[PDB]
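To begin, one chain is listed below as structure tokens, in the form deposited in one PDB entry.
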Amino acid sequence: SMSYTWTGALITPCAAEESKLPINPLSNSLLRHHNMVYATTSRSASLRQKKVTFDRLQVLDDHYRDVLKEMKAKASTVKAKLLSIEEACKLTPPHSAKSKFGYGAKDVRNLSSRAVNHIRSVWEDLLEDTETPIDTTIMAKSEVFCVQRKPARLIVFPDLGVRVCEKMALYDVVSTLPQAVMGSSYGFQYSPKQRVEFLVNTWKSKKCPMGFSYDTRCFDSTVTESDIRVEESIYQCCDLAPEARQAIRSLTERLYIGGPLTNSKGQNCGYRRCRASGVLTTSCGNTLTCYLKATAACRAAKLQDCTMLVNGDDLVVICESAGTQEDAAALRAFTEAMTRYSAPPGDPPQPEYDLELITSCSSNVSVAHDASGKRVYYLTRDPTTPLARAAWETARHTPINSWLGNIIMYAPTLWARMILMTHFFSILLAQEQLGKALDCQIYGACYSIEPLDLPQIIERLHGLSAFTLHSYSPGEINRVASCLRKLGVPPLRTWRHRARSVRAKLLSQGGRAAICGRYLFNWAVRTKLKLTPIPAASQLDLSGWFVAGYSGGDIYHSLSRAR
């Protein structure tokens, strides 16, 4: 069947759209080549529609069926709870898209009578009605990139009332089932330090390792109605409350398998027969589907001792080599099996014999040295996209701050420490906003974080070595330096000068600012301050941070204020 059918109505914006980076003094201090930075808009939506619209041909075999049964036997150990309305309302982001039924995200979080009444009625409708397709809105996503232009990605989501009901029925399932099924292969259970540890240990556990990343082109579009029903068959192995079992059954048939598409003007836009990017099950379902297809394909290809690391559609495979010619033919057989399963590649996969040459979740393992000179492995990436997005976020207030999420996840990197920490701490200190909570996302979930709490968060996610790394690899240094020339970012010597200045001001303020000065900026001086475990680090409640993926799932994980 076709992934989409279109009526001809356009994918429309709901307000004015900006595509060009503004010429602003604060963003210009970071990045001077503003014309290289752009944001996608609904103007390129038709280009994206063409790429995501195609017929799927799926052929399943015995390897696929055997893997499915093994996955279902693991899912059969799970007991999942139904969330109460209050618990589901607390998980709603403060700025989640308002309902078309006269209430918004603030009303949901406050348990307003109108919000609660509508949610109760949507819930009863899922219990009673197993067939009526649920309406979805289709919008073009606004994302920032550097030139060499990508068309806008498309987001498809149901009304706010439906989203709260999805959490009641499935929040506990999507949060616990993936690790029960995939074990150590489920990527979202790891902090960045645990992810590097798993990759390094897996690589070194093989007698002769071979690894590859597998990129599926337009993954959401490759997901069939059969894949979505198979995903439900896994969820159905859980012990569930009867209302949850009915709501999952109704959500699968009325929403997850497909449905009508409506634009921002209320016009009928088309029909979807593939994965919706903006539903609670998107990350869990994509992870399960990608793992199932890859595990079965590994057996069809005769790849030896395949260890997967899966995060939604992102897949990395580490296995036992059989020699270069054998591995090359086995990888082609893996690709042919994935294609039969309706997961064709974007870029054809390449066998790799060095762990540092593999790119997974846009990142690669690199090496630096700690204070004692000991080798430390860490995850880095090309800093182009993070710097272009940090420049945009400096010139325009955006709801989600990728710069903050990049500092958290990429804290040990030369670019996050020297550029991002230096730039944002300087601006925030000058605006007296170091203590102001800002939103960021970790594995798709939204968090409200104060920049002053960064040292203890970094210590927990990466260890104290994140504040002591030096002697970065020449390859890493060259990649950063070349990206700065390309974007017109001032050189690292300038960032070291700016860091010494903000560090002195942070130290002069005492308290939490001085902890930021001491730990975050120790790299900028020869006269190093002594770095001991931060007391607040052991008291940090990071439950929920690295449990599961929630991209498109409309999840908020920061504490709810009492009433």
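Just count from 1 along the sequence shown to find any residue number.
As for the form solved in complex with a small molecule, it is not shown, yet the points below apply to it.
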Could you confirm whether residue 484 comes within 4.5 Å of the small molecule in the deposited bound form, counting heavy atoms only? yes
Spell out, yes or no, whether the shortest heavy atom distance between residue 271 and the small molecule in the deposited bound form is within 4.5 Å. no
Can you tell me whether residue 471 touches the small molecule? I mean in the deposited bound form, with a 4.5 angstroms heavy atom cut-off. yes
Indicate whether the small molecule has at least one heavy atom within 4.5 Å of a heavy atom of residue 254 in the deposited bound form. no
What stretch, of 72-80, 114-122, 175-183, 417-425, brings heavy atoms to within 4.5 Å of the small molecule in the deposited bound form? 417-425
Assess the spot marked by 237, 288 and 291: is the small molecule within 4.5 Å of a heavy atom from every one of these residues in the deposited bound form? no
Would you kindly say which of 162, 480, 343, 454 lies with a heavy atom within 4.5 Å of the small molecule in the deposited bound form? 480
In the deposited bound form, the residue from 300, 492, 429, 438 that sits within 4.5 Å of the small molecule by heavy atoms: 492
